[PDB]
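Next up: just one chain, as structure tokens, the form deposited in one PDB entry.
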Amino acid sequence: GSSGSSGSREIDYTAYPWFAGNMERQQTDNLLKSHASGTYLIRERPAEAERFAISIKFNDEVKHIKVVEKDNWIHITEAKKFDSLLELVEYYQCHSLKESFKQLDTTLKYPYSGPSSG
């Protein structure tokens, strides 16, 4: 129960096309693997502290990153703080993910499968 900090309106991550939510892991590596070497997506995980994740298809291998939410902040591997998930995404969207993971060098290019209605 964070005391002092309040929240009037939180950013809706489920409004973006690159939003996946609580999809099926296997489904992620099944749809991503097929996608191109630039398909990224953001999924959520059943946890109090870590309730966010990011999966991007790069190097013929689907990588799954974990998000940490502490002190009303959102970041990964405590390498860089961001006002919120949105920021963290917009950051890599242009800056390669090498900074956090050398082995991984890419930037959110295209979204995931996408919500196909109809």
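Numbers for residues come from their place in the sequence shown, where the first is 1.
Omitted here: the form deposited with a partner chain bound. The next part is about that form.
Student: Only one of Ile65, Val89, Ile74, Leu32 has a non-hydrogen atom within 4.5 angstroms of its partner chain in the deposited bound form; which is it?
Tutor: It is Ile65 that has a heavy atom within 4.5 Å of the partner.
Student: Is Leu85 one of the residues lying within 4.5 Å of its partner chain in the deposited bound form, judged by heavy atom distances?
Tutor: Output for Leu85 is no: heavy atoms all beyond 4.5 Å of its partner chain.
Student: With the partner left out of view, is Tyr110 within 4.5 angstroms of its partner chain in the deposited bound form by any non-hydrogen atom?
Tutor: Residue-level check for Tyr110: no, no contact with its partner chain.
Student: Answer yes if any heavy atom of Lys80 is within 4.5 Å of a heavy atom of its partner chain in the deposited bound form; otherwise answer no.
Tutor: It does not: once its partner chain is placed as it appears in the deposited bound form, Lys80 has no heavy atom within 4.5 Å of it.
Student: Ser96 versus its partner chain, in the deposited bound form: is there a non-hydrogen atom within 4.5 Å?
Tutor: No, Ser96 stays farther than 4.5 Å from its partner chain in the deposited bound form.
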